[PDB]
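These notes concern the structure reproduced below.
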Number of protein chains: 2
Amino acid sequence: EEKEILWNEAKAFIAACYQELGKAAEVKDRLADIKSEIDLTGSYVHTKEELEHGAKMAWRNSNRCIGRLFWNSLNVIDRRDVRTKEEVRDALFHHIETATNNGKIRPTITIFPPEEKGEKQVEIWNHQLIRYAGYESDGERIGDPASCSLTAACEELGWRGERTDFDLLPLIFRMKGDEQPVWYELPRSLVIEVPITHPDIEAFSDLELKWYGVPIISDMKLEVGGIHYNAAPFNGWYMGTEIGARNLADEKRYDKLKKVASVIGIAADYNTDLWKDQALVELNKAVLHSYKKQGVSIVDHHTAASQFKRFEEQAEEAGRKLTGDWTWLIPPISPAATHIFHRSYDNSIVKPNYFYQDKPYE
Amino acid sequence: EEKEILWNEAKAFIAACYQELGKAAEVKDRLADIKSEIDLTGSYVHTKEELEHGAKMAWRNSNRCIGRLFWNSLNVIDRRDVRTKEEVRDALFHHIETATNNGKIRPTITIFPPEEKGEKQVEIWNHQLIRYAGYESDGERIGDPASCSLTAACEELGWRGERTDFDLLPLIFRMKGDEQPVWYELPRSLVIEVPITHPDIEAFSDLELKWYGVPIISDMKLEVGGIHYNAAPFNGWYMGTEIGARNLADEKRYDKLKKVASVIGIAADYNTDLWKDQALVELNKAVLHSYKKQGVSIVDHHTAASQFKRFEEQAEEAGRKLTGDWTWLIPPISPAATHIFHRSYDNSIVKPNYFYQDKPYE
Ligand code: HEM
Ligand code: HEM
Ligand SMILES: CNCc1cc(OCc2ccc3ccc(N)nc3c2)ccc1Cl
Ligand SMILES: CNCc1cc(OCc2ccc3ccc(N)nc3c2)ccc1Cl
Ligand SMILES: C[C@H](O)[C@H](O)[C@H]1CNc2nc(N)[nH]c(=O)c2N1
Ligand SMILES: C[C@H](O)[C@H](O)[C@H]1CNc2nc(N)[nH]c(=O)c2N1
Ligand SMILES: [Cl-]
Ligand SMILES: [Cl-]
């Protein structure tokens, strides 16, 4: 009864995928083989081109991504051949290295073996391959609260953080057959970090803020043609607002606005002074400036919105139905200064796509 | 077949209204009379208390209003007795005067006779009782583009604007029986305007920006117990963002950001400098400051969001189902610094409420 679910989403996928590549004729005799393969193996295997394109189509259908203009330039690394922890670790190490590309960030996705009978071959515990640890115990609040439960879960595994505000979490994943995950501390040479400075406010460095260069999501499930690549970490570059308006700004994250208001020489006393709004802007100016000063790829929300408009234009031209999540597409900084705010989008889910999956810890 | 629509929404309304006022016993013999009145007259008439409460319940169920905490302090003026243009005009004049209250703005609603057989007794053409005119002709762009079509419609009626950027539109409404609307120029003594200045940037006055004190929506339909008060202008006070982030900021409105960026001494050349975001904040600081300096009521988006949180709290306490429109509840300035951003709301429409109705012009 599963071989009809997998088959009907494989009919849809192959037909559409080969249609876009100009291989519509090759559809019929590829579908046939799949029907055979599914029947006799319970599943089927993608070609280099199907997987590569299917992962680009998945990015294209992400309603919450504002950076989908470059969906076709996605660098797809095929690691469906890995069988050991050392291969997975080194694949993850390589991904970090190639995606970072000395700072000229390259949108990349490493794809590991998909679920067989729903069973995960690999099971990545990291939300991102590079993320800061978080600790809270006895009134103490160190690091990133978002990473509190994974951190505690790592410290149940022999790992121990230095309890600075920017402890790199180790890579932690579990292989099929094993009861517990392994962890590997990250080589620092593989991780670029950016110290946040202001272009004209020298006191800003006293905050000692920094962030990591490359955002590599590693807990989402790639679904391509009925096949579940539960482990397929991908990355883009940062939009400045993700760091300056959320990660470093949220009260339930790094909560830096009052400190920012202090170093920029304004009071944080009255709402009518709009001190949070002013601190948000100066902090966000500092983030973009700090990245471009170091030579790490980053985009501002305005430039990103322009690009997304081109994506909309490009979509209508190709007769492609556009889908988007308005609530996630609008930037948390001056959303009304972008075209996104003033129009609506269809939040319909089209496959291939990236999905949430249940965490293994907590 | 209409007397069953009107009756079933009157059953719902009276039952709920009297329940909240503590007059649940009086429900039965009031409903009876209504069934009689509807049968023999085709409609029914609200008491002072039903109309007053029903208009407060309508405000409470406005999913897009962030200022609903004060739903119960709404000043309800009952003008269902008006029959002439002079009465309507003077009622509208009085509303402006009492709502303004020398600057200590009083949330007020004036309620005119409702539709009889769907026929409007009065038909208000103004979007707001106080709004600036807009002109565009031969590359010229004067005033508020939002008011372009009403302005052109007024100039078809013998009215003529001075073509400044802040021409007060006249009151314009049509009475039952007449083919054309009448217009009345507003007494300036009834209209408070606020000149926008900056607390610490003296050059800001060179922009010669100003706005009107009281926002009085007059083109929405109040629906209370199956009865359609198509003409019931209401007002609150301004949230600063409405003036600084939309009215004066939007490209399709006053489009002031580059001029703002100029007077505050920054470049409007690069997106990565976040010049729009910085101009938005300084412009919004100027608006709140300018209103409080003059003594006209205004609220900032932070204080407003706090109040709306109390409204949520007060709603759960009273066992009231909360409804909201997330897309409209979030402020266009730093929405992620408010609790509203980080939670969801049910956009369900509960009556009594305020609705859009089709414009008579254009
Ligand atoms: C190239 C630069 C990219 C930028 C600037 C960008 C920007 C964004 C941003 C700002 C978000 C919202 C994140 C949040 O609010 O927490 C987002 C969501 C998302 N992006 Fe992208 N993105 C990029 C590339 C990619 C790539 C390469 C993929 C995968 C192939 C991708 C897939 C997604 C997905 C799945 C989400 C939704 C995450 C969720 O549901 O929580 N994006 N993107
Ligand atoms: C007391 C101060 C008030 C504040 C600060 C306030 C704030 C707001 C704001 C900011 C909006 C969004 C407007 C927009 O984005 O264009 C809104 C929408 C709305 N408010 Fe209020 N409001 C107040 C009082 C009232 C009153 C007295 C009523 C009527 C009884 C009301 C009914 C509404 C309605 C119906 C909408 C939706 C308008 C639409 O659908 O376009 N509000 N409110
Ligand atoms: C609160 N965030 C929840 C969440 C976000 C996730 O990803 C956000 C995300 C995903 C892809 C991105 C790609 C590029 C980029 N700059 N940011 C990106 C941000 C994934 C899982 C969860 Cl549970
Ligand atoms: C783009 N706006 C459309 C529109 C807005 C309308 O009202 C917005 C509105 C309504 C009530 C308000 C009450 C108080 C306040 N400060 N702003 C308020 C703003 C009414 C009709 C239309 Cl068609
Ligand atoms: C399509 C989208 O809902 C539309 O642009 C909305 C967005 N949110 C808004 N929010 C407010 N307060 N006012 C508006 O006019 C809008 N416009
Ligand atoms: C409930 C609401 O949808 C939720 O708070 C959303 C709002 N919009 C968002 N937008 C982005 N980009 N990221 C988020 O995490 C959220 N959270
Ligand atoms: Cl992040
Ligand atoms: Cl307005």
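Following the order of the structure tokens, first chain is A, next is B, and so on, with residues numbered from 1 inside each chain and ligands from 1 in the order they appear.
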Test item: residues at most 8 Å from stretch 130-146 of chain A, only C-alpha atoms, excluding those fewer than 5 positions along its chain, as a count of residues only | 18
All alpha helix (DSSP H) positions in stretch 171-295 of chain B, as a VMD selection string | chain B and resid 240 to 241 257 to 263 275 to 294
Could those selected residues go to a file with N, CA and C atoms, as a PDB file, in the first residue's frame?
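Listing of again-v5.pdb after writing:
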ATOM      1  N   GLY B 240       1.615  55.736  15.675  1.00  0.00           N
ATOM      2  CA  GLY B 240       2.621  56.504  14.960  1.00  0.00           C
ATOM      3  C   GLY B 240       3.021  55.936  13.612  1.00  0.00           C
ATOM      4  N   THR B 241       3.065  54.608  13.524  1.00  0.00           N
ATOM      5  CA  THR B 241       3.481  53.920  12.304  1.00  0.00           C
ATOM      6  C   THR B 241       2.553  54.179  11.120  1.00  0.00           C
ATOM      7  N   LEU B 257      10.953  59.263   2.127  1.00  0.00           N
ATOM      8  CA  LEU B 257      12.163  58.683   2.719  1.00  0.00           C
ATOM      9  C   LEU B 257      13.499  59.260   2.230  1.00  0.00           C
ATOM     10  N   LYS B 258      13.627  59.506   0.929  1.00  0.00           N
ATOM     11  CA  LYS B 258      14.864  60.077   0.396  1.00  0.00           C
ATOM     12  C   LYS B 258      15.063  61.504   0.901  1.00  0.00           C
ATOM     13  N   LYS B 259      13.971  62.258   0.985  1.00  0.00           N
ATOM     14  CA  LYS B 259      14.025  63.604   1.538  1.00  0.00           C
ATOM     15  C   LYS B 259      14.364  63.557   3.024  1.00  0.00           C
ATOM     16  N   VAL B 260      13.796  62.579   3.729  1.00  0.00           N
ATOM     17  CA  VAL B 260      14.122  62.358   5.135  1.00  0.00           C
ATOM     18  C   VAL B 260      15.597  61.997   5.297  1.00  0.00           C
ATOM     19  N   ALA B 261      16.085  61.098   4.447  1.00  0.00           N
ATOM     20  CA  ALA B 261      17.487  60.697   4.473  1.00  0.00           C
ATOM     21  C   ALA B 261      18.409  61.890   4.221  1.00  0.00           C
ATOM     22  N   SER B 262      17.941  62.839   3.417  1.00  0.00           N
ATOM     23  CA  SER B 262      18.711  64.045   3.131  1.00  0.00           C
ATOM     24  C   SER B 262      18.823  64.981   4.342  1.00  0.00           C
ATOM     25  N   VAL B 263      17.694  65.288   4.980  1.00  0.00           N
ATOM     26  CA  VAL B 263      17.695  66.208   6.122  1.00  0.00           C
ATOM     27  C   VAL B 263      18.359  65.642   7.377  1.00  0.00           C
ATOM     28  N   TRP B 275      19.427  52.757   4.550  1.00  0.00           N
ATOM     29  CA  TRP B 275      19.061  54.161   4.661  1.00  0.00           C
ATOM     30  C   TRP B 275      17.554  54.361   4.804  1.00  0.00           C
ATOM     31  N   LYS B 276      16.769  53.491   4.168  1.00  0.00           N
ATOM     32  CA  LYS B 276      15.314  53.562   4.281  1.00  0.00           C
ATOM     33  C   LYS B 276      14.883  53.223   5.701  1.00  0.00           C
ATOM     34  N   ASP B 277      15.491  52.176   6.247  1.00  0.00           N
ATOM     35  CA  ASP B 277      15.188  51.716   7.596  1.00  0.00           C
ATOM     36  C   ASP B 277      15.533  52.790   8.620  1.00  0.00           C
ATOM     37  N   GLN B 278      16.659  53.461   8.407  1.00  0.00           N
ATOM     38  CA  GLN B 278      17.108  54.523   9.304  1.00  0.00           C
ATOM     39  C   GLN B 278      16.233  55.769   9.172  1.00  0.00           C
ATOM     40  N   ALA B 279      15.803  56.065   7.947  1.00  0.00           N
ATOM     41  CA  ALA B 279      14.919  57.201   7.694  1.00  0.00           C
ATOM     42  C   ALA B 279      13.535  56.940   8.278  1.00  0.00           C
ATOM     43  N   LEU B 280      13.082  55.693   8.177  1.00  0.00           N
ATOM     44  CA  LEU B 280      11.792  55.293   8.735  1.00  0.00           C
ATOM     45  C   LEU B 280      11.730  55.515  10.244  1.00  0.00           C
ATOM     46  N   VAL B 281      12.812  55.170  10.936  1.00  0.00           N
ATOM     47  CA  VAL B 281      12.873  55.313  12.385  1.00  0.00           C
ATOM     48  C   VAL B 281      12.881  56.783  12.795  1.00  0.00           C
ATOM     49  N   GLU B 282      13.750  57.574  12.175  1.00  0.00           N
ATOM     50  CA  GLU B 282      13.831  58.995  12.494  1.00  0.00           C
ATOM     51  C   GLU B 282      12.540  59.732  12.142  1.00  0.00           C
ATOM     52  N   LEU B 283      11.896  59.334  11.045  1.00  0.00           N
ATOM     53  CA  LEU B 283      10.606  59.914  10.665  1.00  0.00           C
ATOM     54  C   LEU B 283       9.525  59.535  11.668  1.00  0.00           C
ATOM     55  N   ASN B 284       9.555  58.286  12.125  1.00  0.00           N
ATOM     56  CA  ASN B 284       8.584  57.818  13.110  1.00  0.00           C
ATOM     57  C   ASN B 284       8.811  58.390  14.511  1.00  0.00           C
ATOM     58  N   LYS B 285      10.070  58.651  14.857  1.00  0.00           N
ATOM     59  CA  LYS B 285      10.392  59.366  16.093  1.00  0.00           C
ATOM     60  C   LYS B 285       9.845  60.787  16.007  1.00  0.00           C
ATOM     61  N   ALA B 286       9.963  61.389  14.825  1.00  0.00           N
ATOM     62  CA  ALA B 286       9.483  62.750  14.595  1.00  0.00           C
ATOM     63  C   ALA B 286       7.965  62.868  14.731  1.00  0.00           C
ATOM     64  N   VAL B 287       7.239  61.864  14.246  1.00  0.00           N
ATOM     65  CA  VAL B 287       5.773  61.868  14.301  1.00  0.00           C
ATOM     66  C   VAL B 287       5.228  61.802  15.733  1.00  0.00           C
ATOM     67  N   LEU B 288       5.701  60.826  16.504  1.00  0.00           N
ATOM     68  CA  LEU B 288       5.298  60.683  17.903  1.00  0.00           C
ATOM     69  C   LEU B 288       5.658  61.935  18.695  1.00  0.00           C
ATOM     70  N   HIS B 289       6.894  62.397  18.527  1.00  0.00           N
ATOM     71  CA  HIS B 289       7.365  63.606  19.192  1.00  0.00           C
ATOM     72  C   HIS B 289       6.495  64.810  18.849  1.00  0.00           C
ATOM     73  N   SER B 290       6.194  64.981  17.564  1.00  0.00           N
ATOM     74  CA  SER B 290       5.407  66.122  17.106  1.00  0.00           C
ATOM     75  C   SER B 290       3.989  66.128  17.673  1.00  0.00           C
ATOM     76  N   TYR B 291       3.386  64.950  17.804  1.00  0.00           N
ATOM     77  CA  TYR B 291       2.044  64.859  18.371  1.00  0.00           C
ATOM     78  C   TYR B 291       2.030  65.153  19.870  1.00  0.00           C
ATOM     79  N   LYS B 292       2.939  64.530  20.616  1.00  0.00           N
ATOM     80  CA  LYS B 292       3.004  64.733  22.062  1.00  0.00           C
ATOM     81  C   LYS B 292       3.426  66.152  22.429  1.00  0.00           C
ATOM     82  N   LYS B 293       4.175  66.794  21.539  1.00  0.00           N
ATOM     83  CA  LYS B 293       4.616  68.176  21.731  1.00  0.00           C
ATOM     84  C   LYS B 293       3.448  69.148  21.586  1.00  0.00           C
ATOM     85  N   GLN B 294       2.475  68.767  20.762  1.00  0.00           N
ATOM     86  CA  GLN B 294       1.298  69.593  20.501  1.00  0.00           C
ATOM     87  C   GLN B 294       0.174  69.268  21.486  1.00  0.00           C
TER      88      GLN B 294
END
Run DSSP on the backbone and give me the residues of stretch 190-336 of chain A it puts in strand (DSSP E), as an MDAnalysis selection string.
-> chainID A and resid 193:195 210:212 216:217 220:224 227:229 234:235 238:239 298:299
Which protein, DNA or RNA residues have an atom within 6 Å of ligand 3, counting only C-alpha atoms and all ligand atoms, as a short mmCIF file (atom, residue, chain, number, x, y, z; two decimals) with C-alpha atoms, in the first residue's frame?
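Full text of pocket23.cif as output:
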data_model
loop_
_atom_site.label_atom_id
_atom_site.label_comp_id
_atom_site.auth_asym_id
_atom_site.auth_seq_id
_atom_site.Cartn_x
_atom_site.Cartn_y
_atom_site.Cartn_z
CA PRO A 215 23.99 28.97 7.71
CA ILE A 217 20.28 23.77 7.86
CA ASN A 235 23.02 26.19 2.83
CA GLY A 236 22.67 29.63 1.31
CA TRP A 237 24.13 32.89 2.53
CA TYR A 238 22.69 35.00 5.34
CA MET A 239 20.16 37.76 4.96
#
Given 6 Å and only C-alpha atoms and all ligand atoms, residues near ligand 6 as a PyMOL selection string = (chain A and resi 327-328) or (chain B and resi 341-344)
Within 8 Å of stretch 8-21 of chain B, counting only C-alpha atoms, which residues show up once you throw out same-chain ones fewer than 4 positions away? Write them as number ranges by chain, please.
-> B: 4, 26-27, 31, 50, 53-54, 224-226, 352
